[PDB]
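K.L.:
Here it is: the structure, laid out below.
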Amino acid sequence: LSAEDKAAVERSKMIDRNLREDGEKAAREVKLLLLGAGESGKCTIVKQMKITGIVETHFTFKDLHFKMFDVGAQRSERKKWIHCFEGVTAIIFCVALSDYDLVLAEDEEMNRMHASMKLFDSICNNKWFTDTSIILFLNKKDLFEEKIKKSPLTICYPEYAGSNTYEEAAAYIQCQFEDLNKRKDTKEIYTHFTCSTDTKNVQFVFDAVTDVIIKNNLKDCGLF
Amino acid sequence: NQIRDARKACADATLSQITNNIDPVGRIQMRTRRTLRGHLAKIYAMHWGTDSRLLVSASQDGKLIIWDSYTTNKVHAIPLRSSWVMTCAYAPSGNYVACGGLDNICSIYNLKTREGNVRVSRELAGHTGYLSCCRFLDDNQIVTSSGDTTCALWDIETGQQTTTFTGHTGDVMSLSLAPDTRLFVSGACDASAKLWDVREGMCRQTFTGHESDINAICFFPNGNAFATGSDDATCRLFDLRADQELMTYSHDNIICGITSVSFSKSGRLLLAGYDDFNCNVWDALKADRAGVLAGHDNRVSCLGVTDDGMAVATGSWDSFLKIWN
Amino acid sequence: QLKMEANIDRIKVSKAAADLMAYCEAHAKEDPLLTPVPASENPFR
Amino acid sequence: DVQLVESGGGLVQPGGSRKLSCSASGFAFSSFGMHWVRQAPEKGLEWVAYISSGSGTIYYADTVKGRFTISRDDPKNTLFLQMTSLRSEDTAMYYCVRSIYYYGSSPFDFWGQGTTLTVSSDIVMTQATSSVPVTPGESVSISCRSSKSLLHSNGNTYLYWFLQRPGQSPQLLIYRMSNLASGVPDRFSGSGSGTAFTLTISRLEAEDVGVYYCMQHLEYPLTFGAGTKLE
Amino acid sequence: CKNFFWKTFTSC
Amino acid sequence: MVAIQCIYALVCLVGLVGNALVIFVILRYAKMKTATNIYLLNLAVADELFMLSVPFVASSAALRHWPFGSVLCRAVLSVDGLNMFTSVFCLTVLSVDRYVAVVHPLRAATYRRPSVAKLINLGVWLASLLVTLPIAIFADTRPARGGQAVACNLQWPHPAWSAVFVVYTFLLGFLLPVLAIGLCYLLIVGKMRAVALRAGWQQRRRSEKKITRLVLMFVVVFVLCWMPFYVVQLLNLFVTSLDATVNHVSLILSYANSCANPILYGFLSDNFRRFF
């Protein structure tokens, strides 16, 4: 420490001050993992969020910053990078209600909704996402209503016997997705219907992430 | 069928049956000198230098911080545009430092500049899958692997990829150059270790001894051998001069897979990091775990040893990196 | 295109094993990890 | 555009001040820490003041402590110099060094153009020579002596060599007495054992002439050499 | 009287 | 007689086997991670300092005399009173920390750094010195005049000044701290219930039910252990028919919750769950 290391430890304290400040603005903002079930996931929620590789959108709403991360369709396996998003505030898993009677452009080995139920369950069994909450969003509201009038609704689930009404079908498919995860006490699943109003979809998101950051703060103090 | 049919008849004895007469290495006691604090996110990769003093570490908070190990004084703080960085490398001289984020862009940063900030030297956005590892041949050419089951040899002055190594079936997850930076071996998720060349253009021999996803890889300072770290809780040190497997280091005491493989100066202590919150030190000659490196709260991810074998750096997901000696 | 890179340098595996053992035993003296180093010689106090 | 500009009056009367204002350009500010070094006519360099990055460490020289008030405005990228009372001893050409301190750095890298001013314990850096008349073209050796051995416990000796071309500001030639600066040819070679501090200019082109200086970076206030002019 | 206080007996 | 002395060794041993592990849980795994770990560490050391000063007053009531020194009792009687104050004061700054971190997340970031957490703990210890100094400058050793025996207790020149101090420690020591932790915890459950219904959960979930029950238990125990202790002090000024038959167990109620609060917070937390 001769006129050089004294300034070196002072520069390190200035860097540590910026790093400490960088963690504060990064903790108050909201992080969102947008992992879809099909080829193009989250086609509606990203239209209102004001902006190769992943796509992240930074926008402020209701005096709160949000960061929605979308991976799109990548040929890499999710098992090698699913642990990188551990610690995210919320997870948005957009699923379309038109996947039970439709088959993607593939080998047709499994149904679209059957692959969506397995993909949603694959995220919950991961040992990294046992604490983060997944927010479910149902797409194609009115499109699913017209399909009910010309479909038995029991393609993927033959053991189901219920009413052919959008009010009952949306409630049954909500409980079916809530019974896929084995960790029901650690994870809280939020289910909502995507609307074209362009302001109600993010309002539920703001209310959902508020219920999560209030639990992390309660977990911080220890009351959780 | 006939590829390795004759490679078994020429193996009458193994490496473990020969090294049982030399002086066995006792228990290695390594004490944590200083813990490199200051981070606020999980560390994933690091790199050492020739001076054995400076080292770079990648963190998920969007900061590629560089400091010296002897005094633990943060020198530069590089704000990263892609916070989800999974790999980083350090130059042998200390001029350029690159990092592979999730945006599939190997943002190269120049340290020695006329200004104070660390500007971007070049951006490599030719890959389609996630950038998994990157290694500096020199300050102009760089070999960067990705999650697109391929490797690429990029040039900083040119800006485009010179040669794209497309010979792997599984997802590439590791890279390891040679002491002369002439050849290099890469281990992918298909349990395949291919020795890729520069003069020939791409691989010249492969190794499929493992049984699961290979996470990390290293290179022996001799240049004729190298160890590989898979996910089935075993490491198989293959041979480049006999296209076979010298020996294996497996044990039922451990259940987690390997995440980091490193070698010392003499190559005796095989530094192998695991997912059991600790790191192991293998003899690499007789398959005997001498000592264990414990003290990390979360599972370690990166592990590098200096070129002179002075210090050993272990980084975990608790935003704390420890320096061993 | 498997036979493009196949090599014949596999007549003996024990001889190459001796090359790895001879290298680690000739450079074990210059390794601070193997050789017990004092606090005055090594860095980090 | 890394050049620095200084502002100063022609001459000031005793009892006032000029408020020397220095501005920065090009390089990233708030990360180096500006210096203050004045040069009296037909004299040697002498450190005045130094502020760190963020007004953290403020150091004053033994000759200006209690009279000068170093100030800065980092959001403006401007450096000030407030003074209480001017004396005939302060008549000199003030410079700004724009140095930075870290491992592998090049401290005292690019000095400023400097402004003029006219008014109507410490390591004594001594030099064995003051003017060496020698024909240019090949090797020429220059040494420097110090009061205290600059060899620190870590193993780094802090010494910096300056050239100071006639009519310009001093520039860094070799830092740490053994590492060549950024922007200098491979002709400068520095050796020594604690106090020897020999500098061999193996090329010695025409533009290598000037008043040289050797400054220590171990004790405050920083003291410069006597001055070695080459012809 | 009082004959007691915080933690001991006090004179009245 | 000795039956009340029998549970005295139990209350100290309960706080001994528990508080010795609370520090071992914090500085081994968390090691002062943020501001929330400094308060629980402060309550853990404040209980032990209160558990090492209680054996002097526990056995002295049985012997009806003070065998220790005259000047040494003036400090010990002020240390345990300060340990009583620094414990209830730390419970106040803990409730404010839990209130700011939950209700105002944007404002709590200024207090999440260890820089403010260290000075706010040194400050709350200094606030205990200001409250207990009137009980220290007046503390002395004077005979009780009953049997000409030695006794160490607060001395006042006039009985009128005795009524000022008995309520001063009731206002500043009991009513104000329990009103802070009572209001800070009420604003936490009130804000949590309002946010839970906005997300679509009209009924209280399993996580919300556990928190409001863990919060409700912290306040009622702080009342049923300190209010019976504080109510006995004021009734001694009007009628002296107590015959010291309740003063021995009323202090034991203060020795219980002060020695159980670090364990009630430590054992019912995520740090001790991973260690056990």
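Chain lettering (A, B, ...) mirrors the order of the structure tokens, residue numbering begins at 1 for each chain separately, and ligand numbering begins at 1 in order of display.
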Would you mind writing down, as an NGL selection string, each residue of range 61-156 of chain D that DSSP on the backbone assigns to strand (DSSP E or B)?
P.N.:
:D and (68-73 or 78-83 or 93-95 or 110 or 115-116 or 119 or 131-132 or 140-142 or 151)
K.L.:
Near chain F, meaning an atom within 6 Å, which residues of chain E appear when counting only C-alpha atoms? Write them as JSON, numbers by chain.
P.N.:
{"E": [2, 8, 9, 10, 11]}
K.L.:
Based on the selection just made, write C-alpha atoms of those residues as a PDB file, in the first residue's frame.
P.N.:
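Written output follows (again_36.pdb):
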ATOM      1  CA  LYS E   2     -45.538   0.261  49.280  1.00  0.00           C
ATOM      2  CA  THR E   8     -36.487  -5.535  45.612  1.00  0.00           C
ATOM      3  CA  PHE E   9     -37.981  -4.147  48.810  1.00  0.00           C
ATOM      4  CA  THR E  10     -37.844  -0.382  49.322  1.00  0.00           C
ATOM      5  CA  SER E  11     -38.059   1.589  52.556  1.00  0.00           C
TER       6      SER E  11
END
K.L.:
Smallest atom-to-atom distance to residue 191 in chain F: which of A:146, A:211, A:39, A:121, using only C-alpha atoms?
P.N.:
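That would be A:211, the residue with the smallest distance to residue 191 in chain F.
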K.L.:
Using only C-alpha atoms, determine which residues lie at most 9 Å from residue 33 in chain B, disregarding the query and same-chain residues fewer than 4 positions distant; provide the list as a VMD selection string.
P.N.:
(chain B and resid 322 to 325) or (chain C and resid 44 to 45)
K.L.:
Write out, as a Markdown table, each residue of chain A that has an atom at most 6 Å from chain B, together with the closest pair of atoms and their distance in Å to one decimal, counting only C-alpha atoms, rows going by chain and rising number.
P.N.:
| residue | atom | partner | partner_atom | distance |
| --- | --- | --- | --- | --- |
| A:9 | CA | B:73 | CA | 6.0 |
| A:12 | CA | B:74 | CA | 4.8 |
| A:53 | CA | B:103 | CA | 4.1 |
| A:54 | CA | B:103 | CA | 5.4 |
| A:76 | CA | B:147 | CA | 5.7 |
K.L.:
Got a sec: who's within 9 Å of residue 102 in chain F, counting only C-alpha atoms, leaving out chain neighbours fewer than 5 positions off, as a VMD selection string?
P.N.:
(chain A and resid 213 to 218) or (chain F and resid 97 108 188 191 to 192)
K.L.:
When the cut-off is 7 Å and we count only C-alpha atoms, which residues of chain F are near chain A, given as a PDB file with C-alpha atoms, in the first residue's frame?
P.N.:
ATOM      1  CA  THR F  36     -33.167  -9.049   8.795  1.00  0.00           C
ATOM      2  CA  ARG F  98     -40.924  -6.254   8.427  1.00  0.00           C
ATOM      3  CA  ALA F 101     -39.948  -4.451   3.534  1.00  0.00           C
ATOM      4  CA  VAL F 102     -43.488  -5.674   2.803  1.00  0.00           C
ATOM      5  CA  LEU F 106     -39.321   0.651  -3.182  1.00  0.00           C
ATOM      6  CA  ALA F 109     -34.117  -0.884  -0.676  1.00  0.00           C
ATOM      7  CA  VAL F 195     -53.024  -7.943  -2.508  1.00  0.00           C
ATOM      8  CA  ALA F 196     -54.180 -11.563  -2.216  1.00  0.00           C
ATOM      9  CA  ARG F 198     -56.527  -8.649  -6.247  1.00  0.00           C
ATOM     10  CA  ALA F 199     -54.666 -11.651  -7.695  1.00  0.00           C
ATOM     11  CA  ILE F 211     -48.223 -16.155   8.204  1.00  0.00           C
ATOM     12  CA  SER F 269     -37.504 -20.108  10.201  1.00  0.00           C
TER      13      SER F 269
END
K.L.:
Give me, as a PDB file with N, CA and C atoms, in the first residue's frame, the residues of chain C that a backbone DSSP run labels alpha helix (DSSP H).
P.N.:
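File part30.pdb, as written:
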ATOM      1  N   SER C  14      -0.073 -49.245 -23.217  1.00  0.00           N
ATOM      2  CA  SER C  14       0.755 -49.150 -22.020  1.00  0.00           C
ATOM      3  C   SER C  14       1.931 -48.201 -22.220  1.00  0.00           C
ATOM      4  N   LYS C  15       2.446 -48.100 -23.447  1.00  0.00           N
ATOM      5  CA  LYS C  15       3.573 -47.207 -23.701  1.00  0.00           C
ATOM      6  C   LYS C  15       3.157 -45.746 -23.581  1.00  0.00           C
ATOM      7  N   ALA C  16       1.975 -45.399 -24.096  1.00  0.00           N
ATOM      8  CA  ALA C  16       1.482 -44.034 -23.950  1.00  0.00           C
ATOM      9  C   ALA C  16       1.126 -43.720 -22.504  1.00  0.00           C
ATOM     10  N   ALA C  17       0.772 -44.740 -21.719  1.00  0.00           N
ATOM     11  CA  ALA C  17       0.514 -44.524 -20.299  1.00  0.00           C
ATOM     12  C   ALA C  17       1.792 -44.150 -19.561  1.00  0.00           C
ATOM     13  N   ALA C  18       2.933 -44.692 -19.997  1.00  0.00           N
ATOM     14  CA  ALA C  18       4.205 -44.324 -19.390  1.00  0.00           C
ATOM     15  C   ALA C  18       4.596 -42.893 -19.735  1.00  0.00           C
ATOM     16  N   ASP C  19       4.130 -42.382 -20.876  1.00  0.00           N
ATOM     17  CA  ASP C  19       4.416 -40.997 -21.236  1.00  0.00           C
ATOM     18  C   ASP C  19       3.684 -40.029 -20.316  1.00  0.00           C
ATOM     19  N   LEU C  20       2.459 -40.374 -19.914  1.00  0.00           N
ATOM     20  CA  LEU C  20       1.718 -39.527 -18.986  1.00  0.00           C
ATOM     21  C   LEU C  20       2.310 -39.579 -17.584  1.00  0.00           C
ATOM     22  N   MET C  21       2.837 -40.736 -17.179  1.00  0.00           N
ATOM     23  CA  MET C  21       3.426 -40.857 -15.850  1.00  0.00           C
ATOM     24  C   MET C  21       4.791 -40.181 -15.786  1.00  0.00           C
ATOM     25  N   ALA C  22       5.569 -40.264 -16.867  1.00  0.00           N
ATOM     26  CA  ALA C  22       6.884 -39.629 -16.879  1.00  0.00           C
ATOM     27  C   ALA C  22       6.776 -38.110 -16.905  1.00  0.00           C
ATOM     28  N   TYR C  23       5.676 -37.574 -17.436  1.00  0.00           N
ATOM     29  CA  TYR C  23       5.517 -36.125 -17.506  1.00  0.00           C
ATOM     30  C   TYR C  23       5.138 -35.535 -16.154  1.00  0.00           C
ATOM     31  N   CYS C  24       4.261 -36.211 -15.408  1.00  0.00           N
ATOM     32  CA  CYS C  24       3.825 -35.684 -14.119  1.00  0.00           C
ATOM     33  C   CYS C  24       4.893 -35.836 -13.045  1.00  0.00           C
ATOM     34  N   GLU C  25       5.801 -36.804 -13.196  1.00  0.00           N
ATOM     35  CA  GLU C  25       6.855 -37.004 -12.210  1.00  0.00           C
ATOM     36  C   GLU C  25       8.058 -36.100 -12.445  1.00  0.00           C
ATOM     37  N   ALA C  26       8.230 -35.585 -13.662  1.00  0.00           N
ATOM     38  CA  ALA C  26       9.324 -34.673 -13.961  1.00  0.00           C
ATOM     39  C   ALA C  26       8.981 -33.218 -13.676  1.00  0.00           C
TER      40      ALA C  26
END
K.L.:
Residues of chain C within 6 Å of chain B, using only C-alpha atoms, as a PyMOL selection string?
P.N.:
chain C and resi 5+9-13+17+24+27-28+31-32+44
K.L.:
Keeping only N, CA and C atoms, take the residues you just selected and write them out as a PDB file, in the first residue's frame.
P.N.:
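Resulting contents of result.pdb:
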ATOM      1  N   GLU C   5     -10.703 -39.964 -40.878  1.00  0.00           N
ATOM      2  CA  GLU C   5      -9.832 -39.543 -39.790  1.00  0.00           C
ATOM      3  C   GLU C   5      -9.324 -40.696 -38.932  1.00  0.00           C
ATOM      4  N   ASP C   9      -2.417 -45.279 -34.733  1.00  0.00           N
ATOM      5  CA  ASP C   9      -1.515 -45.136 -33.597  1.00  0.00           C
ATOM      6  C   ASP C   9      -2.103 -45.775 -32.345  1.00  0.00           C
ATOM      7  N   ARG C  10      -2.507 -47.041 -32.444  1.00  0.00           N
ATOM      8  CA  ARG C  10      -3.088 -47.769 -31.320  1.00  0.00           C
ATOM      9  C   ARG C  10      -2.537 -49.186 -31.258  1.00  0.00           C
ATOM     10  N   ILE C  11      -1.223 -49.332 -31.430  1.00  0.00           N
ATOM     11  CA  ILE C  11      -0.624 -50.658 -31.344  1.00  0.00           C
ATOM     12  C   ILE C  11      -0.341 -51.032 -29.891  1.00  0.00           C
ATOM     13  N   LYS C  12      -0.182 -50.043 -29.013  1.00  0.00           N
ATOM     14  CA  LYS C  12       0.068 -50.291 -27.602  1.00  0.00           C
ATOM     15  C   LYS C  12      -0.479 -49.126 -26.791  1.00  0.00           C
ATOM     16  N   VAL C  13      -1.118 -49.442 -25.665  1.00  0.00           N
ATOM     17  CA  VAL C  13      -1.724 -48.424 -24.814  1.00  0.00           C
ATOM     18  C   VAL C  13      -0.874 -48.233 -23.563  1.00  0.00           C
ATOM     19  N   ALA C  17       0.772 -44.740 -21.719  1.00  0.00           N
ATOM     20  CA  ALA C  17       0.514 -44.524 -20.299  1.00  0.00           C
ATOM     21  C   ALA C  17       1.792 -44.150 -19.561  1.00  0.00           C
ATOM     22  N   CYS C  24       4.261 -36.211 -15.408  1.00  0.00           N
ATOM     23  CA  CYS C  24       3.825 -35.684 -14.119  1.00  0.00           C
ATOM     24  C   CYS C  24       4.893 -35.836 -13.045  1.00  0.00           C
ATOM     25  N   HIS C  27       7.695 -32.887 -13.571  1.00  0.00           N
ATOM     26  CA  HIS C  27       7.251 -31.529 -13.286  1.00  0.00           C
ATOM     27  C   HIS C  27       6.560 -31.412 -11.934  1.00  0.00           C
ATOM     28  N   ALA C  28       6.655 -32.442 -11.089  1.00  0.00           N
ATOM     29  CA  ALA C  28       6.029 -32.387  -9.773  1.00  0.00           C
ATOM     30  C   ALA C  28       6.770 -31.464  -8.815  1.00  0.00           C
ATOM     31  N   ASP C  31       5.412 -27.762  -8.928  1.00  0.00           N
ATOM     32  CA  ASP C  31       3.989 -27.631  -8.659  1.00  0.00           C
ATOM     33  C   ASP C  31       3.789 -27.220  -7.208  1.00  0.00           C
ATOM     34  N   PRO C  32       3.326 -25.998  -6.929  1.00  0.00           N
ATOM     35  CA  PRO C  32       3.096 -25.604  -5.530  1.00  0.00           C
ATOM     36  C   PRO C  32       1.979 -26.381  -4.854  1.00  0.00           C
ATOM     37  N   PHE C  44      -0.810 -14.659  -1.438  1.00  0.00           N
ATOM     38  CA  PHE C  44      -1.947 -14.770  -0.522  1.00  0.00           C
ATOM     39  C   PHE C  44      -1.477 -14.979   0.916  1.00  0.00           C
TER      40      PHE C  44
END
K.L.:
Could the residues of chain A that have an atom at most 12 Å from chain D be listed as JSON lines, each with its closest atom pair and the distance in Å to one decimal, counting only C-alpha atoms and ordered by chain and ascending residue number?
P.N.:
{"residue": "A:1", "atom": "CA", "partner": "D:152", "partner_atom": "CA", "distance": 8.4}
{"residue": "A:2", "atom": "CA", "partner": "D:218", "partner_atom": "CA", "distance": 4.7}
{"residue": "A:3", "atom": "CA", "partner": "D:218", "partner_atom": "CA", "distance": 5.5}
{"residue": "A:4", "atom": "CA", "partner": "D:101", "partner_atom": "CA", "distance": 5.9}
{"residue": "A:5", "atom": "CA", "partner": "D:102", "partner_atom": "CA", "distance": 7.7}
{"residue": "A:6", "atom": "CA", "partner": "D:101", "partner_atom": "CA", "distance": 9.2}
{"residue": "A:7", "atom": "CA", "partner": "D:101", "partner_atom": "CA", "distance": 6.3}
{"residue": "A:8", "atom": "CA", "partner": "D:102", "partner_atom": "CA", "distance": 5.6}
{"residue": "A:9", "atom": "CA", "partner": "D:102", "partner_atom": "CA", "distance": 9.2}
{"residue": "A:10", "atom": "CA", "partner": "D:56", "partner_atom": "CA", "distance": 7.9}
{"residue": "A:11", "atom": "CA", "partner": "D:53", "partner_atom": "CA", "distance": 7.4}
{"residue": "A:12", "atom": "CA", "partner": "D:102", "partner_atom": "CA", "distance": 9.7}
{"residue": "A:13", "atom": "CA", "partner": "D:56", "partner_atom": "CA", "distance": 10.3}
{"residue": "A:14", "atom": "CA", "partner": "D:53", "partner_atom": "CA", "distance": 8.2}
{"residue": "A:15", "atom": "CA", "partner": "D:31", "partner_atom": "CA", "distance": 10.3}
{"residue": "A:17", "atom": "CA", "partner": "D:54", "partner_atom": "CA", "distance": 11.5}
K.L.:
Dump N, CA, C and O atoms for the selected residues as an mmCIF file, in the first residue's frame?
P.N.:
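Listing of selection39.cif after writing:
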data_model
loop_
_atom_site.group_PDB
_atom_site.id
_atom_site.type_symbol
_atom_site.label_atom_id
_atom_site.label_comp_id
_atom_site.auth_asym_id
_atom_site.auth_seq_id
_atom_site.Cartn_x
_atom_site.Cartn_y
_atom_site.Cartn_z
ATOM 1 N N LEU A 1 0.823 -1.203 0.000
ATOM 2 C CA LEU A 1 0.000 0.000 0.000
ATOM 3 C C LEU A 1 0.861 1.258 0.000
ATOM 4 O O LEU A 1 1.060 1.882 1.042
ATOM 5 N N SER A 2 1.375 1.627 -1.175
ATOM 6 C CA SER A 2 2.189 2.835 -1.341
ATOM 7 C C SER A 2 1.632 3.624 -2.525
ATOM 8 O O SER A 2 2.106 3.487 -3.654
ATOM 9 N N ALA A 3 0.602 4.430 -2.253
ATOM 10 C CA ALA A 3 0.021 5.369 -3.209
ATOM 11 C C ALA A 3 -0.623 4.677 -4.408
ATOM 12 O O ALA A 3 -1.187 5.345 -5.280
ATOM 13 N N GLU A 4 -0.552 3.349 -4.465
ATOM 14 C CA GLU A 4 -1.162 2.586 -5.547
ATOM 15 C C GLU A 4 -2.236 1.633 -5.050
ATOM 16 O O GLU A 4 -3.356 1.643 -5.574
ATOM 17 N N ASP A 5 -1.926 0.804 -4.051
ATOM 18 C CA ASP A 5 -2.936 -0.094 -3.501
ATOM 19 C C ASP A 5 -3.978 0.666 -2.691
ATOM 20 O O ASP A 5 -5.109 0.192 -2.541
ATOM 21 N N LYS A 6 -3.618 1.839 -2.163
ATOM 22 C CA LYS A 6 -4.598 2.668 -1.471
ATOM 23 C C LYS A 6 -5.658 3.181 -2.439
ATOM 24 O O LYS A 6 -6.842 3.255 -2.091
ATOM 25 N N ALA A 7 -5.250 3.544 -3.656
ATOM 26 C CA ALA A 7 -6.204 3.901 -4.695
ATOM 27 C C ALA A 7 -6.853 2.679 -5.331
ATOM 28 O O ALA A 7 -7.944 2.796 -5.898
ATOM 29 N N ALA A 8 -6.205 1.514 -5.250
ATOM 30 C CA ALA A 8 -6.800 0.297 -5.791
ATOM 31 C C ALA A 8 -7.973 -0.169 -4.936
ATOM 32 O O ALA A 8 -9.026 -0.536 -5.468
ATOM 33 N N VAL A 9 -7.809 -0.164 -3.611
ATOM 34 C CA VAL A 9 -8.913 -0.527 -2.732
ATOM 35 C C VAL A 9 -9.994 0.544 -2.729
ATOM 36 O O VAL A 9 -11.159 0.242 -2.442
ATOM 37 N N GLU A 10 -9.642 1.793 -3.044
ATOM 38 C CA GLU A 10 -10.655 2.835 -3.168
ATOM 39 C C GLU A 10 -11.466 2.658 -4.445
ATOM 40 O O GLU A 10 -12.685 2.866 -4.448
ATOM 41 N N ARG A 11 -10.805 2.272 -5.540
ATOM 42 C CA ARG A 11 -11.526 1.985 -6.775
ATOM 43 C C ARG A 11 -12.404 0.750 -6.619
ATOM 44 O O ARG A 11 -13.500 0.684 -7.188
ATOM 45 N N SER A 12 -11.943 -0.236 -5.846
ATOM 46 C CA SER A 12 -12.754 -1.424 -5.599
ATOM 47 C C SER A 12 -13.991 -1.084 -4.778
ATOM 48 O O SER A 12 -15.067 -1.651 -5.004
ATOM 49 N N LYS A 13 -13.859 -0.164 -3.820
ATOM 50 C CA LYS A 13 -15.021 0.268 -3.049
ATOM 51 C C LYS A 13 -16.005 1.035 -3.923
ATOM 52 O O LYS A 13 -17.222 0.937 -3.729
ATOM 53 N N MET A 14 -15.498 1.805 -4.889
ATOM 54 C CA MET A 14 -16.383 2.481 -5.830
ATOM 55 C C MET A 14 -17.066 1.481 -6.753
ATOM 56 O O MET A 14 -18.234 1.659 -7.117
ATOM 57 N N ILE A 15 -16.353 0.423 -7.144
ATOM 58 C CA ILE A 15 -16.972 -0.634 -7.937
ATOM 59 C C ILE A 15 -17.969 -1.416 -7.091
ATOM 60 O O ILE A 15 -19.080 -1.721 -7.541
ATOM 61 N N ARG A 17 -19.596 -0.255 -4.638
ATOM 62 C CA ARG A 17 -20.752 0.618 -4.462
ATOM 63 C C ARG A 17 -21.684 0.543 -5.664
ATOM 64 O O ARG A 17 -22.910 0.523 -5.507
#
K.L.:
CA of residue 118 in chain A and CA of residue 181 in chain A, how far apart in Å?
P.N.:
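Separation of CA of residue 181 in chain A and CA of residue 118 in chain A: 10.1 Å.
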K.L.:
If you measure from CA of residue 19 in chain F to CA of residue 68 in chain F, what distance in Å do you get, rounded to one decimal?
P.N.:
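Here the two named atoms are 26.7 Å from each other.
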K.L.:
As an exercise, work out the distance from CA of residue 141 in chain D to CA of residue 200 in chain D in Å and give it to one decimal place.
P.N.:
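CA of residue 200 in chain D lies at a distance of 4.3 Å from CA of residue 141 in chain D.
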K.L.:
Counting only C-alpha atoms, figure out which residue out of B:195, B:138, B:154, B:114 gets nearest to residue 26 in chain D.
P.N.:
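Between B:195, B:138, B:154, B:114, the residue approaching residue 26 in chain D most closely is B:114.
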